[PDB]
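Peer 1: My structure is below; once you've seen it, I'll send some questions.
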Amino acid sequence: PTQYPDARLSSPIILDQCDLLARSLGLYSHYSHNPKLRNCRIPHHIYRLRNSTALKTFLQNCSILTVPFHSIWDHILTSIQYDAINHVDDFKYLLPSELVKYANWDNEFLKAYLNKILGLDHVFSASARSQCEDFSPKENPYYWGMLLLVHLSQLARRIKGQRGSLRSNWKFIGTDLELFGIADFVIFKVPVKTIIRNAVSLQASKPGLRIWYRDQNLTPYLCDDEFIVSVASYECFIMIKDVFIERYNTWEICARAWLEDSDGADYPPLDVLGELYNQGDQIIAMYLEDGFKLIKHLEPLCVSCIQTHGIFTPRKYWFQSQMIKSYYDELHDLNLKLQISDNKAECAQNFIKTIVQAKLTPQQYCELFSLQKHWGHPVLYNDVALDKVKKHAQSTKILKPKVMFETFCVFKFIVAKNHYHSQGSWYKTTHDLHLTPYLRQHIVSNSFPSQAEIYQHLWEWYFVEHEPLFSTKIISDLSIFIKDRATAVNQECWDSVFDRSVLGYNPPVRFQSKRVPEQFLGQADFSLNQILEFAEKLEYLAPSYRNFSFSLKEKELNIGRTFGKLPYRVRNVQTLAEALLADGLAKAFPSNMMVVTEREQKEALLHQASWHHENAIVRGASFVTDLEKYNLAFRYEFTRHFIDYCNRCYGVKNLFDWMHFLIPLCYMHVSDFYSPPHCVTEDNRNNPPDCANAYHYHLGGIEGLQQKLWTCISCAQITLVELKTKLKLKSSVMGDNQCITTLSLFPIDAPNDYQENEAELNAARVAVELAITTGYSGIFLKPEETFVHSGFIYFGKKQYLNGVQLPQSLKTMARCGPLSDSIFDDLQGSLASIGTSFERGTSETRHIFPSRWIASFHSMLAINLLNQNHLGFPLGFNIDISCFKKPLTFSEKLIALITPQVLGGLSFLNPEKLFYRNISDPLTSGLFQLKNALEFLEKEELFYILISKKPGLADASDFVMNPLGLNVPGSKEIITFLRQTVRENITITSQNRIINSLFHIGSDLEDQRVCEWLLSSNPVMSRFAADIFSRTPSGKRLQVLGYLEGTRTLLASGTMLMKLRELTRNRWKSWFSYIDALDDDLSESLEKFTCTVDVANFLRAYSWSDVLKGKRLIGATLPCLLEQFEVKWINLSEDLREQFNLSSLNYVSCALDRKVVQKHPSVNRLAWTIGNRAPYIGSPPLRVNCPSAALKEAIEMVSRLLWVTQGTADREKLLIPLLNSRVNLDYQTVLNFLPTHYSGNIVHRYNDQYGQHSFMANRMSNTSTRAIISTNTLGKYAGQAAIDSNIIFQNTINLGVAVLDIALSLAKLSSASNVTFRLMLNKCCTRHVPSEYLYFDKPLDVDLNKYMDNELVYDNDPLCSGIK
Amino acid sequence: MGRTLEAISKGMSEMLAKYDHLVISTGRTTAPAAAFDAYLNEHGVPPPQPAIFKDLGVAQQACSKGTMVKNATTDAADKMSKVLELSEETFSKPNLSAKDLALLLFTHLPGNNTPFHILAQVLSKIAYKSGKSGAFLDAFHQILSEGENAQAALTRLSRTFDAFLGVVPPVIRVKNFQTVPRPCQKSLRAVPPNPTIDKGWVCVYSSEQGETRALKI
Amino acid sequence: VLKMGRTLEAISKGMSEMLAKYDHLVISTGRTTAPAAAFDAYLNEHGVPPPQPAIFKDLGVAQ
Amino acid sequence: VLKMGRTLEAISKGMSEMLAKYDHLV
Amino acid sequence: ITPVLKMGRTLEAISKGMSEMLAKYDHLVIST
Ligand SMILES: [Zn+2]
């Protein structure tokens, strides 16, 4: 009940068991390469499906032969696309016309909202073609198919969820393409005539079928039967559904954008989409799995086309030339493996020509880069997957000792240099000084040698020895063990992961448990020193722990990438080693030191690019290498010394050697349930031989086992190259790619072409040197896939061309859907997922309304779909009829979708989030939005009815956990109803000593007492209470609950189903009825106020009256920015007045910078250019070397509580009970670490001192570089009455930048256009908040000193590292 | 003798450090010269143990005395040798054969079986024979960057590029004039006295019966 | 002193020869390095061969 | 000149150790 | 004062070790 089949595809596509189904139905199939599946006996739970009468009538009048899945893929897509409109009666519900109606209304609402906010009427006009009801049904080719597959996918999820009843099935009958769904399988059925299509034979029409039927007369099996069948799994169907939704979203967004602008829209035109979609479908159908080899080239080709846009230099076309040659090389291979004539394979050439010959701008190419997964994913074979890994991980390497020696010495030098610049002195050396003469007289004088002389005396660093650093018994997080992970089984029972019938024998022993969360709770002792002892004694080398197994990744287009799974205790060792490395020593290596150089200040560039220490010009150039191919190339001969040095640095021994000591002793295989090793038998089982699946003596690394150490070594070699070539380099590591930039200096009088050529020459020198340096380490850079360019860069997860950020909106907005992965198909889970995806999508583009339409469409679709097809209920249930006894109307759903979530509604698309993500106060902005929406809807009298609902029954702990919310039942999340069950199971199934000590018998009483105490001050401050609660052991307890929630048979563990059903009905009643929830007194009382701050204050006071007990609440309400400031336009150029259709004190002033630095392709749009500005840059006596998390949190609690209370008080007796629960220090010693205090205004200065803010506007970052914001003109607020006001001056900058960006998003600019306006302050919302202290009249009376045993909670020796 | 002693001291320290690193890296299982040679001669493949070679070329020449057959060690050394050949003027420079170059030019052209496809084949073959393929490709890319299409680029290259001055068009054997592609039929003409490429004559079609047609673009 | 002069002239020659040769050295990897290290580490820690040492015999390391 | 003698003795010590290590190989 | 007698002694030992290294290099390194 708690868990259901995944809503979206997240798993690899494996089709082994299909061969067993076909043999049990009397058909023929050859999906698998495993010879075990040709003659084994069928597992019973599959063999039993042949008895169903529905499946026998579905297979009536069919042939004995079947075909693979992809050869049909093309026809499947076309058939659903053209036939889905004749089956509307099947999905008569979902009310499509209402979906379109709601989306149109929402765009009109947002247009009115923005017209009022920006102060200009008629900024957004009416293209009556997009606004008609018939636009999307008539002009989008994927509309009806998308609706039909949403319906069918819900049915398929229901059928798979049931554990197999032999009568649960679904089917769909069309003009073509019948479907049938049974327990785990889906069967596709097509007429024979549509595949032959007037050809000589079946193989002649589809050459890819020669792999299954080499050259056989197939006509005896096809004359008497009208249909032919293909068997596949449930994942294939989910992938088809995903493909339709993605294509519909993409087409709709592009079409609306091209109607919006029609000169330049940052989206590929519809011609290109139609062509690419059709040709990709044909390529996949003709070449089956291989086709993905050709289709995999879409992304590099798009990148190589983007690169050809700057000042011409021949090198700019080399990458494109290389990609074209690779594409045809691939094609030539495929054409000889299948003996395809040249005239047959026109689709592949059309695919490449369509990409290249479309002359798009860089923005449209960057958007087209995002269609990589719009054709599906391939079928994986574990033998093909492991052939590559075996060849690469067993190969022999030729290494040069000199390169290895020098990079090791550089490693040691980097560590020593970071230590010196951090702590101002040499660490304590223990080696004889005579061995190193050059370093001796720098050590004696406590000076560090310069960068210029390090290379000459590089060898001397081999002899340096010193005292240990980075004590081991403390790690910062300690919550990484709790996280979910997949593990392997012990070596006694390694067969147990396979099927008994396929194996051919019954394994003697069966495994007890596998997942991490279920085995962390089972381990009885779990010390951290005991893991250290386990590693020190090399206990793992025992015969029980010598098992390792692979598994394949979900959604990629290659032949298969593997991630590894270890036994449980070796996994603990790996996690501890990587955490230790990431906290202590990985800090000396900057792997993200980059910023985009075109966006960096000239003085900083000059300072960084000077070799030693102005009339100089700095020009950069970058190249990109792939880090994925590093893992398998590492050998022990190379890494011995680095591992040993890490061991010495931590004082431990043999800890970091675990991978190289253990991996070569394991038996490498894939843990596929239906594909055991080809050759394993019963007597062969103890020492099995090598076969296609499995092998011995893996010699390299694995994808994620030692990522920190490998990245550190890579940084050391890059630094060695820097010493050799005497050029400044800056490297950045993304998830997979690492980009390196070389900086070069030129005189002032140099032609631009000369600089462009010389920068690339220097970058090429560096690239060649790095290629040699890594080649002598066994790691081969492949120069064929590497390019050197002057403008193209990856920096965040984004792409830049000459400093101009390019849009990537489709990547996140094409995955928008009605459902997400939540608990029991929760409606808020789905809507919240949509809302977050929307805010990111807007952050990555300049077109607003095309994405907004999609978000509103899918919101209404989610409501209807879950209304009548919920999985947690019987098949036809109609929640609304059960709940209100009558069907819901359009207006009720609309009003539910308008009410903000803080008030108990279902609105997760706040328009204010177009400006910035972090909103100071959600209640006031929600009230502002609701008032505007009701004024637009003309139902202005419903405001006080909708906001005034009956308060619920909530304790103090609920209010402490949700500081800024209301006491409404409808706004509460669903996890809060399961938490109590999870806790109960934890107190039943746990033997871990740490967990049993943390969740002791009387923890509930502690939670009740602490939450009641934190709200007992005379003026209550909820933010302070929440901040404090996060750092007590109760906060840790909540964190552990949050980690442990995402599990099975712990959250899950009849009556649980009934409980969930009743909760769902109650929530729907609360959401969709507003006359039921009313307080006539509250409405009568609210009716007098006019400012939104007064309304918010009254609501907060009234809602939590029982908790507050007459005291008054402070520190929660802040004004909405869009109501406090109004936009007044001062000067507009003459060319913009025609476009906006207009005819003619304290403030912030904003203007547009006239000077342009870069532009691509022209200056006609504001988002195509960058400038000079940078408005965001404007906005402790003791310190311990290694402070644990407990000490950090204790310091934060002491700081906050000291800052809140008054000086003339008795603070110490209040501080002891809290501090004794975390650390062992006395009161007085702690004060020695507090920073400077004694300045601030408590109510105002709490939000800005300790709050969490947004550092930038939620737009693309090109606009900020041309905005001139000046906050000096707002009078007495520029600390007189400024520290004592509501205004937050960091958010007005974001508002100014966002206004400038949003207003000019579609205007056509020129070289003579300029814009300046001002934000005017209003008097209604501004308040003068006097400085006020909190008075606690009674200290906490509860013994919180009970966790002296937990190292997760307590620090027994808080200060063992250096005092510094 | 202070200088002649201090120099020896520093170098001895350096030599010590380097060789200590070497012995630690491969220690305790490395194959000596005699055992390596004996195993290689008697089995035909080198032992599964690490070994130390004088030069990269020595590793490239390690093969059984009786017969020269490639073994994993030789392949690893040859791979490394191709890496050493790299130079920084030609890093990632495309190396294209005549057929590959023709395929690229085809990728840049619109339509199918137009006269420009035949022109592309002829030009690619001629450029590759004279060893001037890289300059030809760079000139083509430059004309593309100026803002024109591939057809105008090809015509201008036919006029101006140095490798095509005073070159007679090649001769193509066909069964008849119905064998020539349909889009190119309308452009056929009569053979001029002295045809040449820089004047717009692509190739000469000679039928089975001695009839010759010259393609003009 | 003369013996010191002759010894120094021999030592400098040997040293220059070793450095010049080291500049050109190259090595190849094998599959017996990490198992041999693990075997020696286990004997160092406990004094006895690791359990089920037959695999080390297969690699030719346990000796 | 004492510093020279100390450096030489240290070098001899390290040399002895590394000769032992090489003796292990052959 | 002992360093003087000890270099005079230790240069002979250094020469012997150096000779040993020239000997070992001829057996370890493949040079055919
Ligand atoms: Zn107001």
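In the structure tokens, chains take letters A, B, ... by order of appearance, with residues numbered from 1 within each chain and ligands from 1 in the order shown.
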Excluding range 1051-1053 of chain A and any residue of its chain fewer than 5 positions from it, enumerate the residues within 9 Å of it, using only C-alpha atoms, and give them as a PyMOL selection string.

Peer 2: chain A and resi 1-3+978-979+981-982+985+1044-1046

Peer 1: Show me which bits of chain A are within 12 Å of chain D, counting only C-alpha atoms, as a VMD selection string.

Peer 2: chain A and resid 431 to 437 463

Peer 1: Could you save those same residues with C-alpha atoms as a short mmCIF file (atom, residue, chain, number, x, y, z; two decimals), in the first residue's frame?

Peer 2:
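Result file is again-v8.cif:
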data_model
loop_
_atom_site.label_atom_id
_atom_site.label_comp_id
_atom_site.auth_asym_id
_atom_site.auth_seq_id
_atom_site.Cartn_x
_atom_site.Cartn_y
_atom_site.Cartn_z
CA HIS A 431 63.14 13.94 9.17
CA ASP A 432 66.86 14.66 9.13
CA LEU A 433 67.35 18.24 7.90
CA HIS A 434 70.67 17.40 6.19
CA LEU A 435 68.92 15.41 3.44
CA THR A 436 67.12 18.52 2.13
CA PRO A 437 69.41 21.61 2.07
CA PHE A 463 62.37 13.15 2.26
#

Peer 1: Write out as a list in words each polymer residue whose atoms come within 12 Å of residue 19 in chain C, counting only C-alpha atoms; drop sequence neighbours fewer than 2 positions from it.

Peer 2: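 Here the qualifying residues turn out to be residues 402 of chain A; 11, 12, 13, 14, 15, 16, 17, 18 and 19 of chain B; 12, 13, 14, 15, 16, 17, 21, 22, 23, 24 and 25 of chain C.
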
Peer 1: Could you list, as an MDAnalysis selection string, all the residues within 6 Å of ligand 1, counting only C-alpha atoms and all ligand atoms?

Peer 2: chainID A and resid 1091:1092 1324:1325

Peer 1: Counting only C-alpha atoms, what are the residues of chain B within 7 Å of chain A, and for each of them which pair of atoms is the nearest and at what distance in Å, to one decimal? Sort the table by chain and rising number, as a tab-separated table.

Peer 2:
residue	atom	partner	partner_atom	distance
B:13	CA	A:435	CA	6.6
B:14	CA	A:459	CA	6.6
B:17	CA	A:462	CA	6.7
B:22	CA	A:401	CA	6.6
B:25	CA	A:637	CA	5.4
B:26	CA	A:637	CA	6.5
B:72	CA	A:396	CA	6.8
B:73	CA	A:396	CA	6.8
B:76	CA	A:397	CA	6.0
B:77	CA	A:398	CA	6.3
B:80	CA	A:775	CA	6.9
B:83	CA	A:772	CA	6.8
B:84	CA	A:772	CA	6.8
B:86	CA	A:768	CA	6.9
B:87	CA	A:768	CA	6.9
B:88	CA	A:765	CA	5.3
B:91	CA	A:764	CA	6.7
B:92	CA	A:783	CA	5.4
B:93	CA	A:318	CA	6.4
B:94	CA	A:322	CA	6.2
B:100	CA	A:325	CA	6.9
B:104	CA	A:324	CA	6.8
B:107	CA	A:353	CA	5.6
B:108	CA	A:357	CA	6.5
B:138	CA	A:314	CA	6.0
B:145	CA	A:312	CA	6.8

Peer 1: Those same residues, written as a PDB file, in the first residue's frame with C-alpha atoms?

Peer 2:
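Okay, part-v9.pdb is ready:
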ATOM      1  CA  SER B  13      70.869  12.638  -2.247  1.00  0.00           C
ATOM      2  CA  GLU B  14      68.843  13.155  -5.447  1.00  0.00           C
ATOM      3  CA  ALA B  17      65.557   9.585  -3.563  1.00  0.00           C
ATOM      4  CA  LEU B  22      61.685   3.206  -8.022  1.00  0.00           C
ATOM      5  CA  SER B  25      57.087   1.060  -6.559  1.00  0.00           C
ATOM      6  CA  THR B  26      57.849  -2.352  -8.126  1.00  0.00           C
ATOM      7  CA  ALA B  72      50.346  -6.974 -24.916  1.00  0.00           C
ATOM      8  CA  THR B  73      53.595  -5.294 -23.805  1.00  0.00           C
ATOM      9  CA  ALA B  76      51.173  -0.799 -24.751  1.00  0.00           C
ATOM     10  CA  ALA B  77      54.531   0.589 -25.860  1.00  0.00           C
ATOM     11  CA  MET B  80      52.596   5.309 -25.844  1.00  0.00           C
ATOM     12  CA  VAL B  83      51.186   9.689 -27.862  1.00  0.00           C
ATOM     13  CA  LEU B  84      54.812  10.948 -27.942  1.00  0.00           C
ATOM     14  CA  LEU B  86      52.075  14.740 -30.674  1.00  0.00           C
ATOM     15  CA  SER B  87      52.967  18.316 -31.452  1.00  0.00           C
ATOM     16  CA  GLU B  88      51.164  21.459 -30.406  1.00  0.00           C
ATOM     17  CA  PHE B  91      46.895  18.719 -31.619  1.00  0.00           C
ATOM     18  CA  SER B  92      43.476  17.300 -32.568  1.00  0.00           C
ATOM     19  CA  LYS B  93      44.012  18.346 -36.173  1.00  0.00           C
ATOM     20  CA  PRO B  94      41.612  16.391 -38.406  1.00  0.00           C
ATOM     21  CA  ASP B 100      36.105  11.136 -45.806  1.00  0.00           C
ATOM     22  CA  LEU B 104      31.980  15.981 -45.094  1.00  0.00           C
ATOM     23  CA  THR B 107      27.072  16.818 -45.271  1.00  0.00           C
ATOM     24  CA  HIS B 108      27.217  20.553 -45.984  1.00  0.00           C
ATOM     25  CA  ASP B 138      40.402  25.769 -44.086  1.00  0.00           C
ATOM     26  CA  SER B 145      32.146  31.858 -41.874  1.00  0.00           C
TER      27      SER B 145
END

Peer 1: I need the residue nearest chain D from this list: E:15, E:2, E:26, E:7. Use only C-alpha atoms for the distance.

Peer 2: E:7

Peer 1: Please provide as a VMD selection string all residues within 9 Å of range 1-4 of chain C, with the sequence filter that same-chain residues fewer than 5 positions apart are discarded (counting only C-alpha atoms).

Peer 2: (chain C and resid 9) or (chain E and resid 8 11 to 12)

Peer 1: Looking only at the backbone, which of the residues in range 194-413 of chain A does DSSP tag as strand (DSSP E or B), as a ChimeraX atom specification?

Peer 2: /A:227-233,379,398-399
